[PDB]
file coords-v9.cif (mmCIF, N, CA and C atoms)
data_protein
loop_
_atom_site.label_atom_id
_atom_site.label_comp_id
_atom_site.auth_asym_id
_atom_site.auth_seq_id
_atom_site.Cartn_x
_atom_site.Cartn_y
_atom_site.Cartn_z
N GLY H 1 109.46 89.04 111.24
CA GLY H 1 110.18 90.03 112.05
C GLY H 1 110.96 90.98 111.15
N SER H 2 112.12 91.43 111.63
CA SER H 2 113.05 92.45 111.13
C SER H 2 112.86 93.74 111.92
N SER H 3 113.95 94.47 112.11
CA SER H 3 114.06 95.81 112.69
C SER H 3 115.27 96.49 112.02
N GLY H 4 115.51 97.77 112.29
CA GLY H 4 116.66 98.49 111.74
C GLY H 4 116.65 99.94 112.21
N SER H 5 115.88 100.79 111.54
CA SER H 5 115.72 102.22 111.80
C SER H 5 117.01 103.06 111.70
N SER H 6 118.08 102.54 111.09
CA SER H 6 119.19 103.36 110.62
C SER H 6 118.71 104.22 109.44
N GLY H 7 119.49 105.23 109.05
CA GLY H 7 119.29 105.99 107.82
C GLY H 7 120.66 106.28 107.20
N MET H 8 120.75 106.32 105.87
CA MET H 8 122.03 106.39 105.18
C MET H 8 122.56 107.82 105.18
N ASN H 9 122.02 108.71 104.34
CA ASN H 9 122.33 110.15 104.35
C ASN H 9 121.15 110.91 103.73
N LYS H 10 121.20 112.24 103.65
CA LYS H 10 120.11 113.02 103.07
C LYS H 10 120.00 112.78 101.55
N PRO H 11 118.84 113.08 100.93
CA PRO H 11 118.65 113.02 99.48
C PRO H 11 119.49 114.03 98.69
N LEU H 12 119.21 114.10 97.39
CA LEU H 12 119.33 115.28 96.53
C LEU H 12 118.59 116.50 97.11
N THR H 13 118.52 117.61 96.37
CA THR H 13 117.96 118.87 96.84
C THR H 13 117.10 119.50 95.75
N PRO H 14 116.04 120.25 96.10
CA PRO H 14 115.03 120.75 95.17
C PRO H 14 115.57 121.71 94.10
N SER H 15 116.76 122.26 94.25
CA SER H 15 117.35 123.22 93.32
C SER H 15 118.47 122.59 92.47
N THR H 16 118.72 121.28 92.62
CA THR H 16 119.62 120.51 91.76
C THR H 16 118.90 120.15 90.45
N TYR H 17 119.60 120.28 89.31
CA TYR H 17 119.05 120.02 87.99
C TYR H 17 118.78 118.53 87.78
N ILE H 18 117.80 118.18 86.94
CA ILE H 18 117.37 116.79 86.73
C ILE H 18 118.52 115.90 86.26
N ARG H 19 119.27 116.38 85.27
CA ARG H 19 120.38 115.66 84.68
C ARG H 19 121.53 115.46 85.68
N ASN H 20 121.61 116.29 86.72
CA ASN H 20 122.65 116.17 87.74
C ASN H 20 122.42 114.89 88.55
N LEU H 21 121.17 114.43 88.67
CA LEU H 21 120.83 113.24 89.45
C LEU H 21 121.58 112.02 88.92
N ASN H 22 122.05 111.16 89.82
CA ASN H 22 122.83 109.99 89.43
C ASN H 22 121.94 108.98 88.69
N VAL H 23 122.54 108.11 87.88
CA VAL H 23 121.86 107.06 87.15
C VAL H 23 121.06 106.15 88.08
N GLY H 24 121.54 105.89 89.30
CA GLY H 24 120.80 105.08 90.26
C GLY H 24 119.46 105.73 90.60
N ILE H 25 119.45 107.03 90.91
CA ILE H 25 118.24 107.79 91.17
C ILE H 25 117.38 107.82 89.90
N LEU H 26 117.96 108.01 88.71
CA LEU H 26 117.23 107.91 87.44
C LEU H 26 116.52 106.55 87.34
N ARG H 27 117.18 105.45 87.72
CA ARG H 27 116.56 104.12 87.77
C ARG H 27 115.42 104.10 88.78
N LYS H 28 115.62 104.60 90.00
CA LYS H 28 114.59 104.63 91.04
C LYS H 28 113.35 105.38 90.55
N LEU H 29 113.56 106.52 89.91
CA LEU H 29 112.48 107.27 89.28
C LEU H 29 111.82 106.45 88.18
N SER H 30 112.61 105.86 87.28
CA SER H 30 112.09 105.02 86.20
C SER H 30 111.25 103.87 86.76
N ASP H 31 111.61 103.32 87.92
CA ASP H 31 110.85 102.29 88.61
C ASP H 31 109.38 102.69 88.77
N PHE H 32 109.13 103.96 89.13
CA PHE H 32 107.82 104.49 89.53
C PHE H 32 107.12 105.30 88.44
N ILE H 33 107.85 105.89 87.49
CA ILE H 33 107.34 106.79 86.45
C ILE H 33 107.16 106.10 85.08
N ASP H 34 107.89 105.01 84.83
CA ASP H 34 107.74 104.16 83.65
C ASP H 34 106.38 103.44 83.62
N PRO H 35 105.84 102.89 84.73
CA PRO H 35 104.46 102.42 84.77
C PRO H 35 103.48 103.61 84.79
N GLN H 36 102.18 103.31 84.76
CA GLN H 36 101.09 104.26 85.01
C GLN H 36 101.06 105.44 84.01
N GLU H 37 101.82 105.38 82.92
CA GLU H 37 102.10 106.50 82.02
C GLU H 37 102.58 107.74 82.80
N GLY H 38 103.29 107.53 83.91
CA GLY H 38 103.82 108.57 84.77
C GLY H 38 104.66 109.57 83.98
N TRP H 39 105.51 109.10 83.07
CA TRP H 39 106.35 109.94 82.24
C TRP H 39 105.51 110.79 81.29
N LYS H 40 104.44 110.25 80.69
CA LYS H 40 103.54 111.02 79.84
C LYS H 40 102.93 112.14 80.65
N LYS H 41 102.54 111.84 81.89
CA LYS H 41 101.89 112.78 82.78
C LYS H 41 102.86 113.90 83.12
N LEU H 42 104.09 113.55 83.50
CA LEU H 42 105.16 114.50 83.78
C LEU H 42 105.42 115.37 82.55
N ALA H 43 105.65 114.76 81.38
CA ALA H 43 105.92 115.46 80.13
C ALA H 43 104.87 116.52 79.85
N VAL H 44 103.60 116.15 79.84
CA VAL H 44 102.52 117.03 79.49
C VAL H 44 102.25 118.06 80.60
N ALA H 45 102.66 117.79 81.84
CA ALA H 45 102.60 118.76 82.92
C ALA H 45 103.71 119.82 82.81
N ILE H 46 104.76 119.59 82.02
CA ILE H 46 105.87 120.53 81.88
C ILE H 46 105.47 121.60 80.86
N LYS H 47 105.16 122.80 81.36
CA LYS H 47 104.93 123.97 80.53
C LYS H 47 106.20 124.83 80.53
N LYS H 48 106.34 125.72 79.55
CA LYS H 48 107.35 126.78 79.53
C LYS H 48 106.97 127.87 80.54
N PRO H 49 107.84 128.85 80.83
CA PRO H 49 107.52 129.94 81.74
C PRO H 49 106.23 130.66 81.33
N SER H 50 106.07 130.93 80.04
CA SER H 50 104.90 131.56 79.44
C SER H 50 103.65 130.67 79.52
N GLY H 51 103.82 129.35 79.59
CA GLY H 51 102.74 128.37 79.57
C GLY H 51 102.74 127.47 78.33
N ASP H 52 103.64 127.67 77.36
CA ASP H 52 103.69 126.84 76.15
C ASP H 52 103.91 125.39 76.56
N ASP H 53 103.21 124.44 75.94
CA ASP H 53 103.37 123.02 76.24
C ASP H 53 104.76 122.59 75.74
N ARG H 54 105.76 122.34 76.61
CA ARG H 54 107.08 121.87 76.15
C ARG H 54 106.98 120.66 75.22
N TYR H 55 106.23 119.62 75.60
CA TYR H 55 106.28 118.33 74.93
C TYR H 55 104.87 117.84 74.58
N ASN H 56 104.42 118.11 73.36
CA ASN H 56 103.16 117.63 72.80
C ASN H 56 103.29 116.21 72.24
N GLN H 57 102.16 115.65 71.78
CA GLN H 57 102.04 114.27 71.32
C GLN H 57 103.09 113.88 70.27
N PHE H 58 103.47 114.83 69.41
CA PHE H 58 104.55 114.70 68.43
C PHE H 58 105.83 114.13 69.06
N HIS H 59 106.20 114.61 70.25
CA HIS H 59 107.37 114.15 70.99
C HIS H 59 107.03 112.98 71.91
N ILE H 60 105.77 112.83 72.32
CA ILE H 60 105.35 111.70 73.15
C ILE H 60 105.56 110.41 72.37
N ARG H 61 105.21 110.37 71.08
CA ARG H 61 105.47 109.20 70.23
C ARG H 61 106.95 108.82 70.24
N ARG H 62 107.84 109.81 70.27
CA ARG H 62 109.28 109.62 70.36
C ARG H 62 109.62 108.86 71.64
N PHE H 63 109.13 109.32 72.80
CA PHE H 63 109.34 108.61 74.05
C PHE H 63 108.66 107.24 74.06
N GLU H 64 107.48 107.09 73.45
CA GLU H 64 106.81 105.79 73.33
C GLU H 64 107.69 104.80 72.59
N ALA H 65 108.41 105.21 71.55
CA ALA H 65 109.30 104.32 70.80
C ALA H 65 110.33 103.66 71.73
N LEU H 66 110.78 104.39 72.76
CA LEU H 66 111.66 103.88 73.79
C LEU H 66 110.98 102.74 74.53
N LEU H 67 109.83 103.01 75.17
CA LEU H 67 109.12 102.04 75.99
C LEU H 67 108.72 100.82 75.16
N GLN H 68 108.37 101.04 73.90
CA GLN H 68 107.99 100.01 72.95
C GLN H 68 109.16 99.08 72.56
N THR H 69 110.40 99.40 72.94
CA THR H 69 111.58 98.61 72.57
C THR H 69 112.42 98.22 73.79
N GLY H 70 112.38 99.00 74.87
CA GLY H 70 112.95 98.66 76.17
C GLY H 70 113.77 99.77 76.82
N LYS H 71 113.98 100.93 76.19
CA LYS H 71 114.54 102.09 76.87
C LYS H 71 113.44 102.71 77.73
N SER H 72 113.77 103.17 78.93
CA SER H 72 112.78 103.88 79.73
C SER H 72 112.52 105.24 79.09
N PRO H 73 111.25 105.60 78.87
CA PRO H 73 110.89 106.97 78.55
C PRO H 73 111.09 107.89 79.75
N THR H 74 111.04 107.38 80.99
CA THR H 74 111.30 108.19 82.17
C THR H 74 112.69 108.79 82.07
N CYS H 75 113.70 107.93 81.89
CA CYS H 75 115.08 108.35 81.94
C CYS H 75 115.34 109.38 80.85
N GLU H 76 115.02 109.06 79.60
CA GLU H 76 115.22 109.97 78.48
C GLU H 76 114.51 111.30 78.71
N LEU H 77 113.24 111.27 79.13
CA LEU H 77 112.49 112.49 79.41
C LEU H 77 113.19 113.30 80.48
N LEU H 78 113.50 112.69 81.63
CA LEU H 78 114.07 113.40 82.76
C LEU H 78 115.42 114.01 82.37
N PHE H 79 116.22 113.25 81.64
CA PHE H 79 117.55 113.60 81.17
C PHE H 79 117.48 114.80 80.22
N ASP H 80 116.62 114.71 79.21
CA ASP H 80 116.41 115.74 78.19
C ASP H 80 115.90 117.01 78.85
N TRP H 81 114.88 116.90 79.70
CA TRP H 81 114.26 118.00 80.42
C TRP H 81 115.27 118.76 81.29
N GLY H 82 116.32 118.08 81.76
CA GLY H 82 117.47 118.70 82.39
C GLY H 82 118.03 119.85 81.54
N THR H 83 118.21 119.66 80.23
CA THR H 83 118.74 120.68 79.32
C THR H 83 117.75 121.83 79.13
N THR H 84 116.45 121.59 79.31
CA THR H 84 115.45 122.64 79.26
C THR H 84 115.69 123.65 80.39
N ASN H 85 116.25 123.20 81.52
CA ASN H 85 116.65 123.92 82.74
C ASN H 85 115.51 123.77 83.74
N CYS H 86 115.37 122.56 84.31
CA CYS H 86 114.49 122.29 85.44
C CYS H 86 115.22 121.47 86.50
N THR H 87 114.61 121.36 87.68
CA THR H 87 115.24 120.84 88.89
C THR H 87 114.41 119.75 89.57
N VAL H 88 115.00 119.11 90.58
CA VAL H 88 114.35 118.14 91.44
C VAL H 88 113.04 118.70 92.00
N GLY H 89 113.04 119.95 92.44
CA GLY H 89 111.89 120.57 93.08
C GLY H 89 110.82 120.80 92.03
N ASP H 90 111.22 121.23 90.82
CA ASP H 90 110.36 121.32 89.63
C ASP H 90 109.65 119.98 89.42
N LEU H 91 110.43 118.88 89.48
CA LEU H 91 109.97 117.51 89.30
C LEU H 91 108.98 117.13 90.38
N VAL H 92 109.36 117.20 91.66
CA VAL H 92 108.47 116.95 92.79
C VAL H 92 107.15 117.68 92.59
N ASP H 93 107.22 118.97 92.23
CA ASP H 93 106.07 119.85 92.12
C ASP H 93 105.03 119.25 91.17
N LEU H 94 105.51 118.86 89.98
CA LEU H 94 104.73 118.26 88.91
C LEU H 94 104.30 116.86 89.29
N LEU H 95 105.16 116.10 89.98
CA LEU H 95 104.85 114.75 90.42
C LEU H 95 103.65 114.78 91.36
N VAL H 96 103.60 115.72 92.30
CA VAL H 96 102.41 115.95 93.10
C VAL H 96 101.24 116.29 92.16
N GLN H 97 101.40 117.21 91.20
CA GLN H 97 100.31 117.62 90.31
C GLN H 97 99.67 116.44 89.56
N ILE H 98 100.42 115.37 89.26
CA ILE H 98 99.93 114.21 88.52
C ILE H 98 99.52 113.04 89.43
N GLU H 99 99.52 113.22 90.76
CA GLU H 99 99.14 112.23 91.79
C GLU H 99 100.29 111.22 92.07
N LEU H 100 101.51 111.50 91.61
CA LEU H 100 102.67 110.62 91.70
C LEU H 100 103.46 110.92 92.97
N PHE H 101 102.80 110.72 94.10
CA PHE H 101 103.33 111.09 95.40
C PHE H 101 104.51 110.21 95.79
N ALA H 102 104.54 108.94 95.38
CA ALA H 102 105.66 108.04 95.66
C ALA H 102 107.01 108.64 95.20
N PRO H 103 107.25 108.90 93.90
CA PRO H 103 108.52 109.47 93.45
C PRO H 103 108.76 110.90 93.97
N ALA H 104 107.72 111.71 94.18
CA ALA H 104 107.83 113.02 94.83
C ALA H 104 108.46 112.83 96.21
N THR H 105 107.93 111.90 97.01
CA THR H 105 108.39 111.66 98.36
C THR H 105 109.83 111.13 98.34
N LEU H 106 110.17 110.25 97.38
CA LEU H 106 111.49 109.63 97.29
C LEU H 106 112.57 110.72 97.17
N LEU H 107 112.28 111.72 96.34
CA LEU H 107 113.13 112.87 96.10
C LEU H 107 113.12 113.77 97.33
N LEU H 108 111.93 114.12 97.84
CA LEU H 108 111.77 115.15 98.85
C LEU H 108 110.52 114.80 99.69
N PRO H 109 110.66 114.05 100.79
CA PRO H 109 109.54 113.47 101.53
C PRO H 109 108.72 114.51 102.30
N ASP H 110 109.16 115.76 102.30
CA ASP H 110 108.56 116.87 103.03
C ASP H 110 107.66 117.71 102.12
N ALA H 111 107.95 117.71 100.81
CA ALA H 111 107.37 118.61 99.80
C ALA H 111 106.04 118.12 99.23
N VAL H 112 105.53 117.01 99.73
CA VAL H 112 104.32 116.36 99.26
C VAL H 112 103.38 116.32 100.46
N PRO H 113 102.13 116.81 100.32
CA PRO H 113 101.30 117.10 101.48
C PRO H 113 100.82 115.83 102.19
N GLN H 114 100.65 114.72 101.47
CA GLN H 114 100.28 113.43 102.04
C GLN H 114 101.34 112.98 103.04
N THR H 115 100.92 112.87 104.30
CA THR H 115 101.68 112.33 105.41
C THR H 115 101.91 110.83 105.16
N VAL H 116 102.98 110.47 104.44
CA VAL H 116 103.38 109.09 104.22
C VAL H 116 104.86 109.07 103.85
N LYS H 117 105.62 108.21 104.53
CA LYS H 117 107.04 107.95 104.32
C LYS H 117 107.31 106.56 104.86
N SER H 118 108.45 105.97 104.53
CA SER H 118 108.85 104.69 105.09
C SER H 118 110.37 104.60 105.06
N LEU H 119 110.96 103.92 106.04
CA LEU H 119 112.35 103.48 105.94
C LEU H 119 112.41 102.25 105.02
N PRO H 120 113.39 102.16 104.11
CA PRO H 120 113.78 100.91 103.47
C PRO H 120 114.59 100.04 104.45
N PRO H 121 114.39 98.71 104.50
CA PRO H 121 115.10 97.82 105.42
C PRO H 121 116.61 97.75 105.12
N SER H 122 117.37 97.10 106.00
CA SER H 122 118.82 97.25 106.09
C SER H 122 119.52 95.89 106.00
N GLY H 123 120.67 95.83 105.32
CA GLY H 123 121.51 94.64 105.29
C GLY H 123 122.85 94.92 104.63
N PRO H 124 123.87 95.40 105.36
CA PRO H 124 125.24 95.44 104.87
C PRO H 124 125.86 94.04 105.02
N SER H 125 125.41 93.05 104.25
CA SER H 125 126.11 91.78 104.17
C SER H 125 127.41 91.97 103.37
N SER H 126 128.35 91.06 103.52
CA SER H 126 129.59 90.99 102.75
C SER H 126 129.79 89.54 102.29
N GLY H 127 130.85 89.27 101.53
CA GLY H 127 131.09 87.95 100.98
C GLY H 127 132.24 87.96 100.01
#

call {"tool": "encode", "arguments": {"input": "coords-v9.cif", "output": "structure tokens"}}
result
Amino acid sequence: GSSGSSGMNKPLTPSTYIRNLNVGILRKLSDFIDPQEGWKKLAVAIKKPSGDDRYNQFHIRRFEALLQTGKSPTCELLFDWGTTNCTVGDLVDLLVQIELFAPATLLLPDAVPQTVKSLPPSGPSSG
């Protein structure tokens, strides 16, 4: 069993910068982007306005050193890319481009064309 169908509050917003996102959301993203080489896919999908590849293999090895020791490459990438000047909507956009509809939806469940969403279950226990 189980039921609920409450909702907490609205997400972040597509024009908020990546680094502005809270560490909890950075963890939630790392949950989904750390596997599947999701962060590599995001990194290499990030072009400059002109089209220059922001992050080539030279810097991918840098992020790999993180995953190879236990730092998330997701968090570092997302955090660093914040200083490049990109946003949640920038992220969603690219996340769709790499087939990463789960984290796209988590951020912005409307901005991803696949009709799929879910409520997370509920339990305000105390103690």

call {"tool": "closest_residue", "arguments": {"input": "coords-v9.cif", "among": "H:97, H:13, H:20, H:3", "to": "residue H:83", "atoms": "only C-alpha atoms"}}
result
H:20

call {"tool": "resolve_selection", "arguments": {"input": "coords-v9.cif", "expression": "the PyMOL selection byres ((chain H and resi 75) around 8)", "output": "PyMOL selection string"}}
result
chain H and resi 26-27+29-31+33-34+39+71-74+76-81

call {"tool": "write_last_selection", "arguments": {"input": "coords-v9.cif", "atoms": "N, CA and C atoms", "output": "PDB file, keeping the file's coordinate frame"}}
result
ATOM      1  N   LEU H  26     117.960 108.010  88.710  1.00  0.00           N
ATOM      2  CA  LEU H  26     117.230 107.910  87.440  1.00  0.00           C
ATOM      3  C   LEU H  26     116.520 106.550  87.340  1.00  0.00           C
ATOM      4  N   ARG H  27     117.180 105.450  87.720  1.00  0.00           N
ATOM      5  CA  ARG H  27     116.560 104.120  87.770  1.00  0.00           C
ATOM      6  C   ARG H  27     115.420 104.100  88.780  1.00  0.00           C
ATOM      7  N   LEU H  29     113.560 106.520  89.910  1.00  0.00           N
ATOM      8  CA  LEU H  29     112.480 107.270  89.280  1.00  0.00           C
ATOM      9  C   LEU H  29     111.820 106.450  88.180  1.00  0.00           C
ATOM     10  N   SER H  30     112.610 105.860  87.280  1.00  0.00           N
ATOM     11  CA  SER H  30     112.090 105.020  86.200  1.00  0.00           C
ATOM     12  C   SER H  30     111.250 103.870  86.760  1.00  0.00           C
ATOM     13  N   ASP H  31     111.610 103.320  87.920  1.00  0.00           N
ATOM     14  CA  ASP H  31     110.850 102.290  88.610  1.00  0.00           C
ATOM     15  C   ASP H  31     109.380 102.690  88.770  1.00  0.00           C
ATOM     16  N   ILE H  33     107.850 105.890  87.490  1.00  0.00           N
ATOM     17  CA  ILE H  33     107.340 106.790  86.450  1.00  0.00           C
ATOM     18  C   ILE H  33     107.160 106.100  85.080  1.00  0.00           C
ATOM     19  N   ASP H  34     107.890 105.010  84.830  1.00  0.00           N
ATOM     20  CA  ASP H  34     107.740 104.160  83.650  1.00  0.00           C
ATOM     21  C   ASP H  34     106.380 103.440  83.620  1.00  0.00           C
ATOM     22  N   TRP H  39     105.510 109.100  83.070  1.00  0.00           N
ATOM     23  CA  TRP H  39     106.350 109.940  82.240  1.00  0.00           C
ATOM     24  C   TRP H  39     105.510 110.790  81.290  1.00  0.00           C
ATOM     25  N   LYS H  71     113.980 100.930  76.190  1.00  0.00           N
ATOM     26  CA  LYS H  71     114.540 102.090  76.870  1.00  0.00           C
ATOM     27  C   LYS H  71     113.440 102.710  77.730  1.00  0.00           C
ATOM     28  N   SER H  72     113.770 103.170  78.930  1.00  0.00           N
ATOM     29  CA  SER H  72     112.780 103.880  79.730  1.00  0.00           C
ATOM     30  C   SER H  72     112.520 105.240  79.090  1.00  0.00           C
ATOM     31  N   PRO H  73     111.250 105.600  78.870  1.00  0.00           N
ATOM     32  CA  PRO H  73     110.890 106.970  78.550  1.00  0.00           C
ATOM     33  C   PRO H  73     111.090 107.890  79.750  1.00  0.00           C
ATOM     34  N   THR H  74     111.040 107.380  80.990  1.00  0.00           N
ATOM     35  CA  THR H  74     111.300 108.190  82.170  1.00  0.00           C
ATOM     36  C   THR H  74     112.690 108.790  82.070  1.00  0.00           C
ATOM     37  N   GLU H  76     115.020 109.060  79.600  1.00  0.00           N
ATOM     38  CA  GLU H  76     115.220 109.970  78.480  1.00  0.00           C
ATOM     39  C   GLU H  76     114.510 111.300  78.710  1.00  0.00           C
ATOM     40  N   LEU H  77     113.240 111.270  79.130  1.00  0.00           N
ATOM     41  CA  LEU H  77     112.490 112.490  79.410  1.00  0.00           C
ATOM     42  C   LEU H  77     113.190 113.300  80.480  1.00  0.00           C
ATOM     43  N   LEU H  78     113.500 112.690  81.630  1.00  0.00           N
ATOM     44  CA  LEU H  78     114.070 113.400  82.760  1.00  0.00           C
ATOM     45  C   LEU H  78     115.420 114.010  82.370  1.00  0.00           C
ATOM     46  N   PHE H  79     116.220 113.250  81.640  1.00  0.00           N
ATOM     47  CA  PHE H  79     117.550 113.600  81.170  1.00  0.00           C
ATOM     48  C   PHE H  79     117.480 114.800  80.220  1.00  0.00           C
ATOM     49  N   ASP H  80     116.620 114.710  79.210  1.00  0.00           N
ATOM     50  CA  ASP H  80     116.410 115.740  78.190  1.00  0.00           C
ATOM     51  C   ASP H  80     115.900 117.010  78.850  1.00  0.00           C
ATOM     52  N   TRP H  81     114.880 116.900  79.700  1.00  0.00           N
ATOM     53  CA  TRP H  81     114.260 118.000  80.420  1.00  0.00           C
ATOM     54  C   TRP H  81     115.270 118.760  81.290  1.00  0.00           C
TER      55      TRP H  81
END

call {"tool": "select_by_dssp", "arguments": {"input": "coords-v9.cif", "residues": "chain H", "states": "strand (DSSP E or B)", "output": "PDB file with N, CA and C atoms, keeping the file's coordinate frame"}}
result
ATOM      1  N   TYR H  17     119.600 120.280  89.310  1.00  0.00           N
ATOM      2  CA  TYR H  17     119.050 120.020  87.990  1.00  0.00           C
ATOM      3  C   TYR H  17     118.780 118.530  87.780  1.00  0.00           C
ATOM      4  N   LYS H  47     105.160 122.800  81.360  1.00  0.00           N
ATOM      5  CA  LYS H  47     104.930 123.970  80.530  1.00  0.00           C
ATOM      6  C   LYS H  47     106.200 124.830  80.530  1.00  0.00           C
ATOM      7  N   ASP H  53     103.210 124.440  75.940  1.00  0.00           N
ATOM      8  CA  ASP H  53     103.370 123.020  76.240  1.00  0.00           C
ATOM      9  C   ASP H  53     104.760 122.590  75.740  1.00  0.00           C
ATOM     10  N   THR H  87     114.610 121.360  87.680  1.00  0.00           N
ATOM     11  CA  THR H  87     115.240 120.840  88.890  1.00  0.00           C
ATOM     12  C   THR H  87     114.410 119.750  89.570  1.00  0.00           C
TER      13      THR H  87
END

call {"tool": "resolve_selection", "arguments": {"input": "coords-v9.cif", "expression": "the PyMOL selection byres ((chain H and resi 119) around 8)", "output": "PyMOL selection string"}}
result
chain H and resi 5-7+117-118+120-122

call {"tool": "atom_distance", "arguments": {"input": "coords-v9.cif", "atom1": "atom C of residue H:114", "atom2": "atom CA of residue H:9"}}
result
21.2 Å

call {"tool": "resolve_selection", "arguments": {"input": "coords-v9.cif", "expression": "the PyMOL selection byres (((chain H and resi 85-94 and name CA) around 7) and name CA)", "output": "ChimeraX atom specification"}}
result
/H:13-18,42,45,81-84,95-98,104

call {"tool": "atom_distance", "arguments": {"input": "coords-v9.cif", "atom1": "atom CA of residue H:105", "atom2": "atom C of residue H:57"}}
result
28.7 Å

call {"tool": "select_by_dssp", "arguments": {"input": "coords-v9.cif", "residues": "stretch 6-126 of chain H", "states": "helix (DSSP H, G or I)", "output": "PyMOL selection string"}}
result
chain H and resi 18-20+23-33+38-45+57-67+73-84+88-97+101-107

call {"tool": "atom_distance", "arguments": {"input": "coords-v9.cif", "atom1": "atom CA of residue H:58", "atom2": "atom N of residue H:103"}}
result
26.3 Å

call {"tool": "residues_around", "arguments": {"input": "coords-v9.cif", "residues": "stretch 53-56 of chain H", "least_positions_apart": "6", "cutoff": "8 Å", "atoms": "all atoms listed in the file", "output": "PyMOL selection string"}}
result
chain H and resi 43-47
